[PDB]
Amino acid sequence: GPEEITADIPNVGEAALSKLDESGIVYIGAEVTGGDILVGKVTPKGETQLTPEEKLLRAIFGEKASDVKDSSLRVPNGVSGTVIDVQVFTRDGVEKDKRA
Amino acid sequence: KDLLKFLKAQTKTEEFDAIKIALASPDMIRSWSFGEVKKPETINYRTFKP
Amino acid sequence: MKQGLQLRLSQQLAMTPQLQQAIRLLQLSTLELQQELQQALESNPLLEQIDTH
Amino acid sequence: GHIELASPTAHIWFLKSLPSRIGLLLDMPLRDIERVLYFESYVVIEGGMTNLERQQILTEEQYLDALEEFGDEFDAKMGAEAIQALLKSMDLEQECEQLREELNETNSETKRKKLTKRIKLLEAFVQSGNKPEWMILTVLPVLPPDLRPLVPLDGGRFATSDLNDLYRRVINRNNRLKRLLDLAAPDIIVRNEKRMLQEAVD
Amino acid sequence: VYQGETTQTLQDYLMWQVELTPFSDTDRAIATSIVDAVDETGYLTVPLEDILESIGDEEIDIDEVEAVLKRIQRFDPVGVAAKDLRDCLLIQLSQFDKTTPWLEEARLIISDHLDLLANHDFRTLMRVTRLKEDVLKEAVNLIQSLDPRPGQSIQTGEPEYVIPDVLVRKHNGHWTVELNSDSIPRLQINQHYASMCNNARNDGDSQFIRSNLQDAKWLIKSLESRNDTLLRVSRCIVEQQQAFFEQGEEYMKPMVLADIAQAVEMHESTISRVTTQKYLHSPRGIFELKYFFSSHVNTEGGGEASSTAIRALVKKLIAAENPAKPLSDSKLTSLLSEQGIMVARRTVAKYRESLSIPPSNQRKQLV
Amino acid sequence: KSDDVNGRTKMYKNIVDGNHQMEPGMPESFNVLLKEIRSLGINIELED
Amino acid sequence: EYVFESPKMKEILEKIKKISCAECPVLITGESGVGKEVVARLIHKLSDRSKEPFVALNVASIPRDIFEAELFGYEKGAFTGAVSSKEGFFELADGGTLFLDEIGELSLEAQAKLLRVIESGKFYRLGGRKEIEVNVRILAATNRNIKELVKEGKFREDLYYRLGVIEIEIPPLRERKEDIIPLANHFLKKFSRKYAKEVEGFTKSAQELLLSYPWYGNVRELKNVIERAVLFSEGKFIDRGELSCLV
Amino acid sequence: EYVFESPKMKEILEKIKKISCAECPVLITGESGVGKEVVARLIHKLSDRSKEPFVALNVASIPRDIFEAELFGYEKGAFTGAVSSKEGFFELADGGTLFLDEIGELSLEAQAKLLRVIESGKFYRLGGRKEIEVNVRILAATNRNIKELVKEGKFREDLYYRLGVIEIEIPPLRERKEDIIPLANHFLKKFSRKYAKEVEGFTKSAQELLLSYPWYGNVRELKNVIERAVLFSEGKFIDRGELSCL
DNA sequence: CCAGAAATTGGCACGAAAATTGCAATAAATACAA
DNA sequence: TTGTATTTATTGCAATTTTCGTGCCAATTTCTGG
Ligand SMILES: Nc1ncnc2c1ncn2[C@@H]1O[C@H](COP(=O)(O)OP(=O)(O)OP(=O)(O)O)[C@@H](O)[C@H]1O
Ligand SMILES: Nc1ncnc2c1ncn2[C@@H]1O[C@H](COP(=O)(O)OP(=O)(O)OP(=O)(O)O)[C@@H](O)[C@H]1O
Ligand SMILES: [Mg+2]
């Protein structure tokens, strides 16, 4: 499956996603430091056999958390600044998000 | 059979006091190896296993 | 009239199939096709593959 | 690991590092050794009862006429098999004693230096446990894989390393030579395959 | 030459924490075995009896193994090397401060009744735990705030890709299909040995050379024919499914091998063999060539609707339902009927199961 | 400090424990050199 | 399920248990209808080749002229009309059991062709120059006294000692009077279930008549009599009148 | 691995050794189970053709109408269905040994077909015009009495003198009474090892019982009896009770 | 609140249609010797 | 001028196994009147 850029990362708290807009991209004018999330992305981990422990995990917590793994872009350590510009390049034939 | 001795035996240091160099016999080369390489393939690229 | 095994000169109408050869290459994927091509290269001295070395 | 070579191959360090150990040990010029190794000329192993020396360099037409005249009375070969046969049939003690007698009797300056060098080389070979035919490769060692890793790059491309490419070339040539030898292929092609295997190993 | 560097996995981090922990020799061996038994999600994969057997000494009881395991479970991240989900959640909750508003209720729910929460009862659970709906919502929210997979904090690895065989692109307003030139196999006849075919040369070499030359020519022709057949079949398939590449699924057409076989004038066995383990790259993604063949059901107008479109419609309808009252298969069937799709309840249940979607009673929330 | 794989770990543990002592071993690069020389068809080995 | 109650049948069963670890040829002898095929299939089931083929072959239905081609096979150009290679029965049952049923009807010319294959296990096809080696266990069944045939001269002496490594003889039903009533009850229940009748058992006089009759067809004749009695019954019990076929 | 202890069976071994330098055909006669196959393979092993093929052929298992095709081979186009040339058994066994097992069951029509190949080694393939010459040593074995059959008239006279250059007759086991006990011990050890039992000998009564039975199947019957005794054995010594099958 | 009624789900079964796998030499065109 | 040996051009049929949709019903969950 294809990687998706999204703000719905299952394993992170609500505070870390405060600076991302509805499309999963940081706002213009945000002050960021090392370890902050700039673009949220998930990678399809793939199908499994769905053993009863995995079924229990999916039933109790959810299905989104069990199908994708976080692969976001983060600020490198020892780097800070203000977000002044964001550019989005999309392949022809792919649907554009709201930011684009 | 004891795990302590098994783990301790792979952390030892060899003892030596000299270095020897010479020509290698075909029998010596065969004694070094653990198997014969027959195919030029490296990675399956499908299962990503050797 | 009789059931036996014999050697004789007869005049017969004969049917025969003609399909099986080169049809196995269609089902193979690209990797298996390359492996089979390498195996064919090993045995045939007159076959070569393009190289950049 | 190891690779079983279909035919013997000379070690380039003991051939192309001046002074040539193989040439100085066999008392042959380096040009003749190179010509014999890369399947360009013949060399006599056993002279027989004919007028042929034990290290005489022949050519294709000379070998053909020698065969059509004498027949099965002389043995001639080309490639690394001939060099290994020459190295395997030498007796070091007799060579050493004859060279020492010649050095004691004859007096010169350049010949003195040459005989001294060959005597020292032969006595070094005798004193150590090495044998001359070990300078011709029959089994090829293979380095452990973790010392020659593959390069992983973005997009799922592993590419390749130089050492792995050289190993692949050697293995391909060896396998083709094995298949050609076991099929009784014509000699005009197997000679070219042996030359290419020698070049790949070098 | 860049040789690459070393990375730290979960087990490397756990062993680093083990080495700096005041363990004895036997305790360190037990910890080594336990850390070896931990998988990438942070859960223990073998029973403690296997670890005790692997220690190899008869002087050691299971209680010492339990103590070492409890000590290891407090490493970073907390909850690693847990036996099951209940143990992991209890370990995580044990480290919370006592001032948390709903620690006790969450601990009670996790320790006693975890199957009811998994089955989405929300009715028998209230009776068993004697709680109201005001506190149950907060307790469930606190439970859902924990980490079910503590071992993914040190996640390592890389995705694996696939090289397509045919490329589809929209040029000049119409879709065009070509072969991927980076993966197309090709051969060539060695001109040296081929030109060695001298008539004056010995016949024994000449017959060998001629036979091998004709075999090489036959093999090259076979490869060319295979490539041409693959290109023709792929182009025909893309031409048939032309509305899919412009609007995705829900617009698939129902087609079988007979349609393509009639279109390209070949046998169904050839079409079956060609479209095996071969991929196609489109602006939408990478699809196997067998992805475009599907069954169908009837339609009120008189036409046919593919099963892929019905699965997509079912997923869309389920994903946009009311969490208070989830849709059942009878309700899903009556929603697809207004569009004229004549499908049975059992087929809708089969489609829902194929998408790995729980039944209606197990999807309801506590909103 | 560079390539004694066991020595690095032991030194780190001793430093954290407050014991400033080392147990040096063989550098890994010398083992790599030995393997590389052996791959050339030359028998090089350690004595005693 | 089968019924073994007589002491002789239990002794035969114990022998079958004991010889379960061997791969020797077995020769089964008896009268008609004693249960030779039952014993052969039980031997196959209790052996190490339980999941392997059990090729049962009637050696009297193979034509004389094509006898070799049926058991050994032939290559492509063995004779006129041979189009493709084909295996025999010794190669079809490789790794399993071959059951030669009614071996006493084989003519001497046909018996001479089975000499080397039984012991060696190796043979050549018809038109093949490569030796085929197989691993087949030989069970043979007959209802004629093989020893008497060998002494008379109607059976080859070289084959009896190859086949008769282990010999089992099944006694007639006339000597197994402890085994008659259970068989009658078994067949009665089977046929009552099959035909949906209402019979349940035999009267005491009927039991006496059944036990006193010198059965010549053995279990097959008993089964036929029970089936006829069930078919023509009308009452709850099968009295002496329904068994009017017996004299 | 074979047992040769009787005085009659050692003269045969000496005679086999003495003919190691010969290439004449050999004819082996006896009863059934005496060991004709053992003697034939020992003759082959102790000769100069030790590494050469040993083709054992049951001459009674070849169909009547394809006898020549099997023995000599055929060329392409010889008959309808001959799509390629195929060699025979005389070419298959070229340079080695051909063992015609059970030669006594060959019809008079089939005996006249191999009348020139035995002495000359030259023949023509079916549909072939060139003459083929082979170098094969012929061993034949039979349990009949070939001389008596020739006297009767059901065996060809011209074949007996082509085959019987050297004649070896193996006495029955009932007369080689020095071999019964060594053979019994050999077979007992073999079968005890194979079936993983604990038997290691016979009692005195069992030995006295094995020395009086008139073995009709000879060594094969003895082997069968020992195998039955081992399979049904219980203790460590085979008593007379286990040998009631005699 | 309780218990009977009703709706829901999935394992098994049925026929029908669709996909998969075994089979191995010929038809015809063209250049060459009388 | 022709009859014949050699070289390109043939990428299907026929069983057999597997998957499709949809009905029956036992077990389970949800609903509603007294
Ligand atoms: N002990 C038994 N229990 C149940 N049924 C039995 C038993 N013995 C024999 N039979 C039945 O007897 C019938 C005839 O027996 P079977 O087929 O073995 O005959 P047979 O010995 O091969 O005869 P024949 O020599 O006439 O071919 C079979 O249908 C079989 O089921
Ligand atoms: N001297 C011996 N030592 C050991 N085993 C022997 C000896 N003689 C015969 N045997 C055994 O006796 C068995 C029968 O022998 P063999 O096959 O030679 O008998 P045959 O009837 O003469 O041969 P065939 O009928 O096959 O031509 C074989 O298993 C063989 O091993
Ligand atoms: Mg029967």
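All chains are named by letter (A, B, ...) in the order of the sequence lines, taking the proteins before the strands, and each is independently numbered beginning at 1.
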Which listed nucleotide (I:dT8, J:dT11, I:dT20) is nearest to the side chain of E:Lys331?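 The closest nucleotide is I:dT8.
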Residue pairs passing the salt bridge (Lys or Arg N to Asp or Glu O under 4.0 Å) test where at least one lies in residues 346-367 of chain E, sequence neighbours excluded: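 Residue pairs passing salt bridge (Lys or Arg N to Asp or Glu O under 4.0 Å), neighbours aside: E:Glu321-E:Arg363, E:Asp329-E:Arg352.
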Does the ring center of E:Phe122 lie less than 6.0 Å from the ring center of E:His120?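 E:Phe122 vs E:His120: aromatic centres under 6.0 Å.
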Is the centre of the G:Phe79 ring less than 6.0 Å from the centre of the G:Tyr74 ring?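 Ring centres of G:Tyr74 and G:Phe79 closer than 6.0 Å.
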With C1'-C2'-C3'-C4' as the criterion (positive north, negative south), name the sugar pucker of [N].
| N | value |
| --- | --- |
| I:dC14 | north |
| I:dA17 | south |
| J:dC13 | south |
| J:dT18 | south |

Step-by-step side-chain hydrogen bond (donor to acceptor under 3.5 Å, both in side chains) determination, E:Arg226 to E:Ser222: CA-CA 6 Å; E:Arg226 174 262 185 188; E:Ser222 298; over 6 Å; no
Ion pair check, [X] and [Y], cut-off under 4.0 Å:
| X | Y | value |
| --- | --- | --- |
| G:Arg125 | G:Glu91 | yes |
| E:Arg210 | E:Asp205 | no |
| E:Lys137 | E:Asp134 | no |
| C:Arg24 | C:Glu36 | yes |

Check this one for me: any side-chain N or O of E:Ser360 less than 4.0 Å away from OP1 or OP2 of I:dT9?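 Yes, E:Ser360 has a side-chain N/O under 4.0 Å of OP1/OP2 on I:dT9.
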If only side-chain N and O atoms of E:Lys217 are considered, is one of them under 4.0 Å from the OP1 or OP2 phosphate oxygen of J:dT8? yes
Take the protein atom [atom1] of [X] and the nucleotide atom [atom2] of [N], then report the distance between them rounded to whole Å.
| X | N | atom1 | atom2 | result |
| --- | --- | --- | --- | --- |
| E:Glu353 | I:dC12 | CD | P | 13 Å |
| E:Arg345 | J:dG23 | CZ | P | 10 Å |
| E:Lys290 | I:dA19 | NZ | P | 8 Å |
| E:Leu257 | I:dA18 | CG | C1' | 8 Å |
| E:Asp329 | I:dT8 | CG | P | 8 Å |
| C:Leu26 | I:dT20 | CG | P | 13 Å |
| E:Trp218 | I:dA24 | CH2 | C1' | 11 Å |
| C:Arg24 | J:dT10 | CZ | P | 21 Å |

For [X], report the nucleic acid contact type (base, sugar-phosphate, nothing); a contact means any heavy atom under 4.0 Å.
| X | result |
| --- | --- |
| C:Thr16 | sugar-phosphate |
| E:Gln214 | nothing |
| E:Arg352 | sugar-phosphate |

Indicate, yes or no, whether a donor-acceptor pair under 3.5 Å links the base of I:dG11 to the side chain of E:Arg346. yes
Ignoring hydrogens and angles, does a donor from either the side chain of E:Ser328 or the base of I:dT8 sit under 3.5 Å from an acceptor on the other? no
Intra-strand stack [N] & [M], ring centres under 5.5 Å, planes under 30°:
| N | M | result |
| --- | --- | --- |
| I:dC12 | I:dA13 | yes |
| I:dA24 | I:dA25 | no |
| J:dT10 | J:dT11 | no |

Enter the inter-axis angle for the ends of the helix from I:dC1-J:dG34 to I:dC23-J:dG12 (five pairs per end, rounded to 10°). 30°
Output a table of donor-acceptor pairs, distance under 3.5 Å, between side-chain atoms of residues 288-303 of chain E and any protein atom two or more places apart or on a different chain; print 'none' if there are none.
unit_1: E:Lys290; atom_1: NZ; unit_2: E:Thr275; atom_2: O; d: 3.0
unit_1: E:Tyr291; atom_1: OH; unit_2: E:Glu249; atom_2: OE2; d: 2.7
unit_1: E:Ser294; atom_1: OG; unit_2: E:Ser306; atom_2: OG; d: 2.5

Which residues share a side-chain contact (heavy atoms from CB on, under 4.5 Å) with E:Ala344, sequence neighbours left out: E:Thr347
Which label fits J:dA26, syn or anti, where anti is any glycosidic angle not within 90° of 0? anti
Protein within reach of the bases, or only the backbone? For nucleotides 26-34 of chain J, mark each nucleotide 5' to 3' as B, S or -, using heavy atoms under 4.0 Å. ----S----
Could you list all N or O pairs between the protein and nucleotides 12-21 of chain J that sit under 3.5 Å apart?
unit_1: J:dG12; atom_1: OP2; unit_2: E:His267; atom_2: N; d: 2.8
unit_1: J:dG12; atom_1: OP2; unit_2: E:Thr270; atom_2: OG1; d: 2.9
unit_1: J:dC13; atom_1: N4; unit_2: E:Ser269; atom_2: OG; d: 3.4
unit_1: J:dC20; atom_1: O3'; unit_2: E:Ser295; atom_2: OG; d: 3.0
unit_1: J:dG21; atom_1: OP1; unit_2: E:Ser295; atom_2: OG; d: 3.2
unit_1: J:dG21; atom_1: OP1; unit_2: E:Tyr351; atom_2: OH; d: 2.5
unit_1: J:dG21; atom_1: OP2; unit_2: E:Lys350; atom_2: NZ; d: 2.6

First encountered from the 5' end of DNA chain I, between G:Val83 and E:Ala349: E:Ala349
